[PDB]
Structures are given as structure tokens and as C-alpha cells.
>>> print(open('protein.pdb').read())   # PDB, C-alpha atoms and all ligand atoms
ATOM      1  CA  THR A   1      88.185 135.129 111.131  1.00  0.00           C
ATOM      2  CA  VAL A   2      85.134 132.783 111.320  1.00  0.00           C
ATOM      3  CA  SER A   3      85.430 129.950 108.746  1.00  0.00           C
ATOM      4  CA  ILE A   4      83.472 126.915 107.531  1.00  0.00           C
ATOM      5  CA  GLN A   5      84.233 123.552 109.196  1.00  0.00           C
ATOM      6  CA  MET A   6      82.738 121.011 106.697  1.00  0.00           C
ATOM      7  CA  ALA A   7      82.446 120.445 102.911  1.00  0.00           C
ATOM      8  CA  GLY A   8      79.106 121.878 101.698  1.00  0.00           C
ATOM      9  CA  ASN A   9      77.129 124.755 100.157  1.00  0.00           C
ATOM     10  CA  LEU A  10      76.278 127.890 102.147  1.00  0.00           C
ATOM     11  CA  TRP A  11      72.447 127.293 102.135  1.00  0.00           C
ATOM     12  CA  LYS A  12      71.711 130.547 104.036  1.00  0.00           C
ATOM     13  CA  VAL A  13      73.654 133.526 105.431  1.00  0.00           C
ATOM     14  CA  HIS A  14      72.390 135.784 108.260  1.00  0.00           C
ATOM     15  CA  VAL A  15      75.166 138.412 108.503  1.00  0.00           C
ATOM     16  CA  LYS A  16      76.250 141.503 106.542  1.00  0.00           C
ATOM     17  CA  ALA A  17      79.127 143.996 106.723  1.00  0.00           C
ATOM     18  CA  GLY A  18      78.402 146.335 109.686  1.00  0.00           C
ATOM     19  CA  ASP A  19      76.050 143.850 111.464  1.00  0.00           C
ATOM     20  CA  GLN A  20      76.572 142.891 115.153  1.00  0.00           C
ATOM     21  CA  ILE A  21      77.051 139.222 116.126  1.00  0.00           C
ATOM     22  CA  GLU A  22      77.415 137.388 119.449  1.00  0.00           C
ATOM     23  CA  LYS A  23      79.133 134.059 120.216  1.00  0.00           C
ATOM     24  CA  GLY A  24      76.719 131.188 119.390  1.00  0.00           C
ATOM     25  CA  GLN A  25      74.387 133.351 117.214  1.00  0.00           C
ATOM     26  CA  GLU A  26      73.516 131.686 113.864  1.00  0.00           C
ATOM     27  CA  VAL A  27      75.481 133.461 111.084  1.00  0.00           C
ATOM     28  CA  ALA A  28      75.032 130.905 108.232  1.00  0.00           C
ATOM     29  CA  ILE A  29      73.793 127.335 107.506  1.00  0.00           C
ATOM     30  CA  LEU A  30      75.405 124.596 105.393  1.00  0.00           C
ATOM     31  CA  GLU A  31      73.733 122.233 103.202  1.00  0.00           C
ATOM     32  CA  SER A  32      76.404 119.498 103.232  1.00  0.00           C
ATOM     33  CA  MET A  33      75.592 117.005 100.445  1.00  0.00           C
ATOM     34  CA  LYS A  34      71.951 116.786 101.763  1.00  0.00           C
ATOM     35  CA  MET A  35      72.881 117.135 105.476  1.00  0.00           C
ATOM     36  CA  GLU A  36      72.147 120.309 107.495  1.00  0.00           C
ATOM     37  CA  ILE A  37      74.673 122.041 109.787  1.00  0.00           C
ATOM     38  CA  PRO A  38      74.124 125.426 111.565  1.00  0.00           C
ATOM     39  CA  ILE A  39      77.111 127.823 111.453  1.00  0.00           C
ATOM     40  CA  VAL A  40      77.272 129.979 114.571  1.00  0.00           C
ATOM     41  CA  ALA A  41      79.557 132.920 115.422  1.00  0.00           C
ATOM     42  CA  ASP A  42      82.849 131.673 116.930  1.00  0.00           C
ATOM     43  CA  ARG A  43      82.926 135.062 118.774  1.00  0.00           C
ATOM     44  CA  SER A  44      81.053 138.295 119.352  1.00  0.00           C
ATOM     45  CA  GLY A  45      81.892 141.395 117.300  1.00  0.00           C
ATOM     46  CA  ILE A  46      80.860 143.703 114.481  1.00  0.00           C
ATOM     47  CA  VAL A  47      81.118 142.123 111.041  1.00  0.00           C
ATOM     48  CA  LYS A  48      83.698 143.816 108.884  1.00  0.00           C
ATOM     49  CA  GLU A  49      83.084 141.592 105.843  1.00  0.00           C
ATOM     50  CA  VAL A  50      81.346 138.376 104.747  1.00  0.00           C
ATOM     51  CA  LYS A  51      83.743 136.294 102.616  1.00  0.00           C
ATOM     52  CA  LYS A  52      80.876 134.218 101.115  1.00  0.00           C
ATOM     53  CA  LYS A  53      77.167 134.558 100.412  1.00  0.00           C
ATOM     54  CA  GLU A  54      74.001 132.490 100.132  1.00  0.00           C
ATOM     55  CA  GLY A  55      74.518 129.440  97.887  1.00  0.00           C
ATOM     56  CA  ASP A  56      78.345 129.802  97.570  1.00  0.00           C
ATOM     57  CA  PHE A  57      80.485 126.633  97.667  1.00  0.00           C
ATOM     58  CA  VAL A  58      82.412 126.158 100.902  1.00  0.00           C
ATOM     59  CA  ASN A  59      84.763 123.681 102.621  1.00  0.00           C
ATOM     60  CA  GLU A  60      86.547 122.826 105.875  1.00  0.00           C
ATOM     61  CA  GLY A  61      88.853 125.804 106.648  1.00  0.00           C
ATOM     62  CA  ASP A  62      87.316 128.017 103.882  1.00  0.00           C
ATOM     63  CA  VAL A  63      86.700 131.555 105.200  1.00  0.00           C
ATOM     64  CA  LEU A  64      83.251 132.970 106.067  1.00  0.00           C
ATOM     65  CA  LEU A  65      83.622 136.148 108.089  1.00  0.00           C
ATOM     66  CA  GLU A  66      85.968 138.949 109.079  1.00  0.00           C
ATOM     67  CA  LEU A  67      85.087 141.092 112.128  1.00  0.00           C
ATOM     68  CA  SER A  68      86.146 144.565 113.335  1.00  0.00           C
ATOM     69  CA  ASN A  69      86.239 142.833 116.765  1.00  0.00           C
ATOM     70  CA  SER A  70      88.533 139.737 115.991  1.00  0.00           C
ATOM     71  CA  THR A  71      91.341 142.058 115.088  1.00  0.00           C
ATOM     72  CA  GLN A  72      92.336 141.902 118.608  1.00  0.00           C
TER      73      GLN A  72
HETATM   74  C1  LIG A 101      69.163 117.105  96.426  1.00  0.00           C
HETATM   75  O1  LIG A 101      68.104 116.488  96.310  1.00  0.00           O
HETATM   76  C2  LIG A 101      69.250 118.581  96.029  1.00  0.00           C
HETATM   77  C3  LIG A 101      68.816 119.569  97.128  1.00  0.00           C
HETATM   78  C4  LIG A 101      69.381 119.303  98.534  1.00  0.00           C
HETATM   79  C5  LIG A 101      68.898 120.399  99.500  1.00  0.00           C
HETATM   80  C6  LIG A 101      69.301 120.113 100.955  1.00  0.00           C
HETATM   81  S1  LIG A 101      68.459 118.734 101.756  1.00  0.00           S
HETATM   82  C7  LIG A 101      69.082 119.322 103.339  1.00  0.00           C
HETATM   83  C8  LIG A 101      69.067 120.854 103.326  1.00  0.00           C
HETATM   84  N1  LIG A 101      67.768 121.358 103.725  1.00  0.00           N
HETATM   85  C9  LIG A 101      67.085 122.023 102.786  1.00  0.00           C
HETATM   86  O2  LIG A 101      65.972 122.531 102.886  1.00  0.00           O
HETATM   87  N2  LIG A 101      67.890 122.028 101.717  1.00  0.00           N
HETATM   88  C10 LIG A 101      69.160 121.342 101.877  1.00  0.00           C
END
>>> encode(input="protein.pdb", output="C-alpha cells", more="lines below")
Ligand SMILES: *C(=O)CCCC[C@@H]1SC[C@@H]2NC(=O)N[C@@H]21
Amino acid sequence: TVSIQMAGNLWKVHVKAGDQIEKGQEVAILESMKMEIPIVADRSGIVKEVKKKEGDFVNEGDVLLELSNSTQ
């Protein structure tokens, strides 16, 4: 559902399975080879799963989130 958009490392994560999110809410942050990039919820919903965690490696198009309200 929500995915990373840049090569980097998932510096922080702010979501868990069962948590509520809203479009534009911060859900993770990239370090990106010493740059900083907020990762915000592409849509509102309840998180079904988080496909990554704090400090995991990530890339453009690499998954981040699955939601019980994207399933629609
Ligand atoms: C390079 O020196 C290794 C660590 C890089 C950490 C980066 S710098 C930009 C991001 N902000 C932060 O606090 N840590 C990330």
C-alpha cells in the first residue's frame, strides 16, 4: 500500500499494526545517504501491517505499509 519513494535507510517509523493514520500524517522518516526526507501517509486508514521497521534498508518503490483501509 504505502511505499518508499527514494533510496535510503528508514531512520524512524511511527506506525504499528492496528494503529490509525490520516493522509499527510508522518509514518516514517528516511535518512537518504545523509539527507532527510519525511514519509507521510499516502491515505487515511488503520494499519494492517508495517513492511519495514526502524533502521531497515529501503528504496524507491520498496513497500512500507499495508492498511485495512486501502483494501478498497
Ligand atoms: C554519516 O555520517 C553517518 C550517519 C548519517 C545520519 C544521517 S545525517 C541526516 C539524518 N539525520 C540524522 O539525525 N541522522 C541522519
>>> resolve_selection(input="protein.pdb", expression="the PyMOL selection byres (((chain A and resi 68) around 8) and not hetatm)", output="list in words")
residues 45, 46, 47, 48, 66, 67, 69, 70 and 71 of chain A
>>> closest_residue(input="protein.pdb", among="A:49, A:56, A:44, A:1", to="residue 23 in chain A", atoms="all atoms listed in the file")
A:44
>>> residues_near_ligand(input="protein.pdb", ligand="ligand LIG 101 (chain A)", cutoff="8 Å", atoms="only C-alpha atoms and all ligand atoms", output="PyMOL selection string")
chain A and resi 11+30-36
>>> atom_distance(input="protein.pdb", atom1="CA of residue 13 in chain A", atom2="CA of residue 54 in chain A")
5.4 Å
>>> atom_distance(input="protein.pdb", atom1="CA of residue 62 in chain A", atom2="CA of residue 26 in chain A")
17.4 Å
>>> residues_around(input="protein.pdb", residues="residue 65 in chain A", least_positions_apart="6", cutoff="12 Å", atoms="only C-alpha atoms", output="ChimeraX atom specification")
/A:1-4,13-19,21,27-28,39-53,71
>>> write_last_selection(input="protein.pdb", atoms="C-alpha atoms", output="short mmCIF file (atom, residue, chain, number, x, y, z; two decimals), in the frame of the given file")
data_model
loop_
_atom_site.label_atom_id
_atom_site.label_comp_id
_atom_site.auth_asym_id
_atom_site.auth_seq_id
_atom_site.Cartn_x
_atom_site.Cartn_y
_atom_site.Cartn_z
CA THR A 1 88.18 135.13 111.13
CA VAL A 2 85.13 132.78 111.32
CA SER A 3 85.43 129.95 108.75
CA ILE A 4 83.47 126.92 107.53
CA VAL A 13 73.65 133.53 105.43
CA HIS A 14 72.39 135.78 108.26
CA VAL A 15 75.17 138.41 108.50
CA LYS A 16 76.25 141.50 106.54
CA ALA A 17 79.13 144.00 106.72
CA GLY A 18 78.40 146.34 109.69
CA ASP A 19 76.05 143.85 111.46
CA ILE A 21 77.05 139.22 116.13
CA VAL A 27 75.48 133.46 111.08
CA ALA A 28 75.03 130.90 108.23
CA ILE A 39 77.11 127.82 111.45
CA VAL A 40 77.27 129.98 114.57
CA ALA A 41 79.56 132.92 115.42
CA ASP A 42 82.85 131.67 116.93
CA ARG A 43 82.93 135.06 118.77
CA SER A 44 81.05 138.29 119.35
CA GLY A 45 81.89 141.40 117.30
CA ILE A 46 80.86 143.70 114.48
CA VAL A 47 81.12 142.12 111.04
CA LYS A 48 83.70 143.82 108.88
CA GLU A 49 83.08 141.59 105.84
CA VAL A 50 81.35 138.38 104.75
CA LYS A 51 83.74 136.29 102.62
CA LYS A 52 80.88 134.22 101.12
CA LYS A 53 77.17 134.56 100.41
CA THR A 71 91.34 142.06 115.09
#
>>> resolve_selection(input="protein.pdb", expression="the PyMOL selection byres (((chain A and resi 60) around 10) and not hetatm)", output="PyMOL selection string")
chain A and resi 3-8+58-59+61-63
>>> axis_aligned_box(input="protein.pdb", around="range 16-22 of chain A", padding_each_side="6 Å", output="lines of an AutoDock Vina configuration file")
center_x = 77.6
center_y = 141.9
center_z = 113.0
size_x = 15.1
size_y = 20.9
size_z = 24.9
>>> residues_around(input="protein.pdb", residues="residue 55 in chain A", least_positions_apart="5", cutoff="7 Å", atoms="only C-alpha atoms", output="count of residues only")
4
>>> decode(input="protein.pdb", residues="range 15-62 of chain A", atoms="N, CA and C atoms", output="PDB file, in the first residue's frame")
ATOM      1  N   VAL A  15       4.449   4.080  13.139  1.00  0.00           N
ATOM      2  CA  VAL A  15       3.244   3.314  12.872  1.00  0.00           C
ATOM      3  C   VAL A  15       3.458   1.907  13.392  1.00  0.00           C
ATOM      4  N   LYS A  16       2.367   1.209  13.692  1.00  0.00           N
ATOM      5  CA  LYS A  16       2.366  -0.196  14.089  1.00  0.00           C
ATOM      6  C   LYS A  16       1.121  -0.841  13.499  1.00  0.00           C
ATOM      7  N   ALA A  17       1.101  -2.170  13.370  1.00  0.00           N
ATOM      8  CA  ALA A  17      -0.140  -2.893  13.104  1.00  0.00           C
ATOM      9  C   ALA A  17      -1.213  -2.451  14.106  1.00  0.00           C
ATOM     10  N   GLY A  18      -2.423  -2.175  13.621  1.00  0.00           N
ATOM     11  CA  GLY A  18      -3.577  -1.764  14.404  1.00  0.00           C
ATOM     12  C   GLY A  18      -3.647  -0.261  14.688  1.00  0.00           C
ATOM     13  N   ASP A  19      -2.615   0.521  14.359  1.00  0.00           N
ATOM     14  CA  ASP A  19      -2.618   1.968  14.584  1.00  0.00           C
ATOM     15  C   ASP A  19      -3.452   2.683  13.516  1.00  0.00           C
ATOM     16  N   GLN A  20      -3.994   3.856  13.828  1.00  0.00           N
ATOM     17  CA  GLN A  20      -4.782   4.671  12.908  1.00  0.00           C
ATOM     18  C   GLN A  20      -3.819   5.674  12.277  1.00  0.00           C
ATOM     19  N   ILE A  21      -3.968   5.947  10.983  1.00  0.00           N
ATOM     20  CA  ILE A  21      -3.241   7.007  10.298  1.00  0.00           C
ATOM     21  C   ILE A  21      -4.225   7.829   9.463  1.00  0.00           C
ATOM     22  N   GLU A  22      -3.768   9.002   9.038  1.00  0.00           N
ATOM     23  CA  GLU A  22      -4.536  10.010   8.337  1.00  0.00           C
ATOM     24  C   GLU A  22      -3.615  10.584   7.265  1.00  0.00           C
ATOM     25  N   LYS A  23      -4.164  10.892   6.091  1.00  0.00           N
ATOM     26  CA  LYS A  23      -3.398  11.381   4.954  1.00  0.00           C
ATOM     27  C   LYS A  23      -2.546  12.592   5.360  1.00  0.00           C
ATOM     28  N   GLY A  24      -1.232  12.521   5.151  1.00  0.00           N
ATOM     29  CA  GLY A  24      -0.311  13.603   5.482  1.00  0.00           C
ATOM     30  C   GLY A  24       0.307  13.473   6.881  1.00  0.00           C
ATOM     31  N   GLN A  25      -0.156  12.524   7.711  1.00  0.00           N
ATOM     32  CA  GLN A  25       0.476  12.225   8.994  1.00  0.00           C
ATOM     33  C   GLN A  25       1.832  11.566   8.721  1.00  0.00           C
ATOM     34  N   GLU A  26       2.864  11.931   9.479  1.00  0.00           N
ATOM     35  CA  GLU A  26       4.182  11.315   9.434  1.00  0.00           C
ATOM     36  C   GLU A  26       4.047   9.861   9.880  1.00  0.00           C
ATOM     37  N   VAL A  27       4.548   8.920   9.081  1.00  0.00           N
ATOM     38  CA  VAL A  27       4.503   7.489   9.371  1.00  0.00           C
ATOM     39  C   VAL A  27       5.916   6.898   9.416  1.00  0.00           C
ATOM     40  N   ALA A  28       6.905   7.515   8.764  1.00  0.00           N
ATOM     41  CA  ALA A  28       8.314   7.162   8.880  1.00  0.00           C
ATOM     42  C   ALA A  28       9.180   8.356   8.453  1.00  0.00           C
ATOM     43  N   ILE A  29      10.502   8.226   8.540  1.00  0.00           N
ATOM     44  CA  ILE A  29      11.466   9.206   8.050  1.00  0.00           C
ATOM     45  C   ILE A  29      12.585   8.401   7.398  1.00  0.00           C
ATOM     46  N   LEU A  30      13.083   8.865   6.251  1.00  0.00           N
ATOM     47  CA  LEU A  30      14.315   8.392   5.644  1.00  0.00           C
ATOM     48  C   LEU A  30      15.462   9.276   6.097  1.00  0.00           C
ATOM     49  N   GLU A  31      16.533   8.630   6.544  1.00  0.00           N
ATOM     50  CA  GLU A  31      17.854   9.045   6.119  1.00  0.00           C
ATOM     51  C   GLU A  31      17.972   8.592   4.662  1.00  0.00           C
ATOM     52  N   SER A  32      18.624   9.395   3.835  1.00  0.00           N
ATOM     53  CA  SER A  32      18.883   9.112   2.438  1.00  0.00           C
ATOM     54  C   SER A  32      20.298   9.582   2.135  1.00  0.00           C
ATOM     55  N   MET A  33      21.283   8.771   2.526  1.00  0.00           N
ATOM     56  CA  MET A  33      22.703   8.984   2.263  1.00  0.00           C
ATOM     57  C   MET A  33      23.136  10.356   2.813  1.00  0.00           C
ATOM     58  N   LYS A  34      22.635  10.685   4.021  1.00  0.00           N
ATOM     59  CA  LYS A  34      22.872  11.886   4.831  1.00  0.00           C
ATOM     60  C   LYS A  34      21.910  13.045   4.530  1.00  0.00           C
ATOM     61  N   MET A  35      20.879  12.806   3.709  1.00  0.00           N
ATOM     62  CA  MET A  35      19.740  13.703   3.542  1.00  0.00           C
ATOM     63  C   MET A  35      18.587  13.190   4.410  1.00  0.00           C
ATOM     64  N   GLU A  36      17.576  14.026   4.623  1.00  0.00           N
ATOM     65  CA  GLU A  36      16.444  13.765   5.497  1.00  0.00           C
ATOM     66  C   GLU A  36      15.168  13.968   4.691  1.00  0.00           C
ATOM     67  N   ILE A  37      14.229  13.022   4.763  1.00  0.00           N
ATOM     68  CA  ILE A  37      13.011  13.066   3.961  1.00  0.00           C
ATOM     69  C   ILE A  37      11.881  12.479   4.820  1.00  0.00           C
ATOM     70  N   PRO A  38      10.902  13.281   5.282  1.00  0.00           N
ATOM     71  CA  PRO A  38       9.702  12.759   5.929  1.00  0.00           C
ATOM     72  C   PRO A  38       8.969  11.787   5.005  1.00  0.00           C
ATOM     73  N   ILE A  39       8.288  10.795   5.575  1.00  0.00           N
ATOM     74  CA  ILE A  39       7.439   9.858   4.859  1.00  0.00           C
ATOM     75  C   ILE A  39       6.093   9.978   5.548  1.00  0.00           C
ATOM     76  N   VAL A  40       5.100  10.438   4.806  1.00  0.00           N
ATOM     77  CA  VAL A  40       3.773  10.725   5.311  1.00  0.00           C
ATOM     78  C   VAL A  40       2.796   9.726   4.688  1.00  0.00           C
ATOM     79  N   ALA A  41       1.672   9.481   5.359  1.00  0.00           N
ATOM     80  CA  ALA A  41       0.657   8.549   4.921  1.00  0.00           C
ATOM     81  C   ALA A  41       0.045   9.051   3.615  1.00  0.00           C
ATOM     82  N   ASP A  42       0.158   8.250   2.556  1.00  0.00           N
ATOM     83  CA  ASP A  42      -0.499   8.496   1.271  1.00  0.00           C
ATOM     84  C   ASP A  42      -2.030   8.523   1.408  1.00  0.00           C
ATOM     85  N   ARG A  43      -2.590   7.912   2.455  1.00  0.00           N
ATOM     86  CA  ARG A  43      -4.025   7.903   2.721  1.00  0.00           C
ATOM     87  C   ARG A  43      -4.297   7.599   4.187  1.00  0.00           C
ATOM     88  N   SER A  44      -5.521   7.895   4.599  1.00  0.00           N
ATOM     89  CA  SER A  44      -6.024   7.565   5.913  1.00  0.00           C
ATOM     90  C   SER A  44      -6.425   6.092   5.969  1.00  0.00           C
ATOM     91  N   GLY A  45      -6.332   5.475   7.142  1.00  0.00           N
ATOM     92  CA  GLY A  45      -6.776   4.117   7.352  1.00  0.00           C
ATOM     93  C   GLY A  45      -6.252   3.555   8.653  1.00  0.00           C
ATOM     94  N   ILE A  46      -6.574   2.298   8.928  1.00  0.00           N
ATOM     95  CA  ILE A  46      -5.970   1.551  10.017  1.00  0.00           C
ATOM     96  C   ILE A  46      -4.871   0.732   9.364  1.00  0.00           C
ATOM     97  N   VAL A  47      -3.701   0.744   9.987  1.00  0.00           N
ATOM     98  CA  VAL A  47      -2.556  -0.055   9.609  1.00  0.00           C
ATOM     99  C   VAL A  47      -2.909  -1.511   9.845  1.00  0.00           C
ATOM    100  N   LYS A  48      -2.754  -2.302   8.796  1.00  0.00           N
ATOM    101  CA  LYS A  48      -2.793  -3.741   8.880  1.00  0.00           C
ATOM    102  C   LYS A  48      -1.413  -4.277   9.242  1.00  0.00           C
ATOM    103  N   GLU A  49      -0.372  -3.799   8.562  1.00  0.00           N
ATOM    104  CA  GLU A  49       0.984  -4.284   8.743  1.00  0.00           C
ATOM    105  C   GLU A  49       1.970  -3.179   8.379  1.00  0.00           C
ATOM    106  N   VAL A  50       3.177  -3.256   8.942  1.00  0.00           N
ATOM    107  CA  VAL A  50       4.306  -2.413   8.586  1.00  0.00           C
ATOM    108  C   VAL A  50       5.343  -3.361   7.981  1.00  0.00           C
ATOM    109  N   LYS A  51       5.694  -3.121   6.722  1.00  0.00           N
ATOM    110  CA  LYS A  51       6.534  -3.996   5.911  1.00  0.00           C
ATOM    111  C   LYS A  51       8.022  -3.776   6.171  1.00  0.00           C
ATOM    112  N   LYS A  52       8.365  -2.805   7.017  1.00  0.00           N
ATOM    113  CA  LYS A  52       9.714  -2.407   7.378  1.00  0.00           C
ATOM    114  C   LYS A  52       9.673  -1.972   8.832  1.00  0.00           C
ATOM    115  N   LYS A  53      10.829  -1.603   9.355  1.00  0.00           N
ATOM    116  CA  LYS A  53      10.989  -1.118  10.706  1.00  0.00           C
ATOM    117  C   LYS A  53      12.090  -0.066  10.695  1.00  0.00           C
ATOM    118  N   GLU A  54      12.257   0.574  11.839  1.00  0.00           N
ATOM    119  CA  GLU A  54      13.368   1.440  12.179  1.00  0.00           C
ATOM    120  C   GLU A  54      14.694   0.838  11.696  1.00  0.00           C
ATOM    121  N   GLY A  55      15.442   1.602  10.897  1.00  0.00           N
ATOM    122  CA  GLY A  55      16.805   1.274  10.514  1.00  0.00           C
ATOM    123  C   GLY A  55      16.894   0.234   9.398  1.00  0.00           C
ATOM    124  N   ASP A  56      15.769  -0.213   8.824  1.00  0.00           N
ATOM    125  CA  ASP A  56      15.776  -1.129   7.679  1.00  0.00           C
ATOM    126  C   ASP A  56      16.178  -0.385   6.405  1.00  0.00           C
ATOM    127  N   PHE A  57      16.820  -1.076   5.463  1.00  0.00           N
ATOM    128  CA  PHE A  57      17.178  -0.512   4.174  1.00  0.00           C
ATOM    129  C   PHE A  57      15.931  -0.446   3.293  1.00  0.00           C
ATOM    130  N   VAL A  58      15.839   0.620   2.503  1.00  0.00           N
ATOM    131  CA  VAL A  58      14.653   0.898   1.716  1.00  0.00           C
ATOM    132  C   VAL A  58      15.017   1.594   0.409  1.00  0.00           C
ATOM    133  N   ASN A  59      14.117   1.566  -0.574  1.00  0.00           N
ATOM    134  CA  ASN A  59      14.391   2.127  -1.895  1.00  0.00           C
ATOM    135  C   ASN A  59      13.130   2.641  -2.563  1.00  0.00           C
ATOM    136  N   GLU A  60      13.276   3.361  -3.676  1.00  0.00           N
ATOM    137  CA  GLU A  60      12.135   3.824  -4.451  1.00  0.00           C
ATOM    138  C   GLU A  60      11.284   2.608  -4.851  1.00  0.00           C
ATOM    139  N   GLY A  61       9.999   2.618  -4.486  1.00  0.00           N
ATOM    140  CA  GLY A  61       9.045   1.567  -4.821  1.00  0.00           C
ATOM    141  C   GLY A  61       9.036   0.392  -3.835  1.00  0.00           C
ATOM    142  N   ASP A  62       9.958   0.364  -2.864  1.00  0.00           N
ATOM    143  CA  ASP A  62      10.009  -0.650  -1.810  1.00  0.00           C
ATOM    144  C   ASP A  62       8.856  -0.380  -0.843  1.00  0.00           C
TER     145      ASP A  62
END
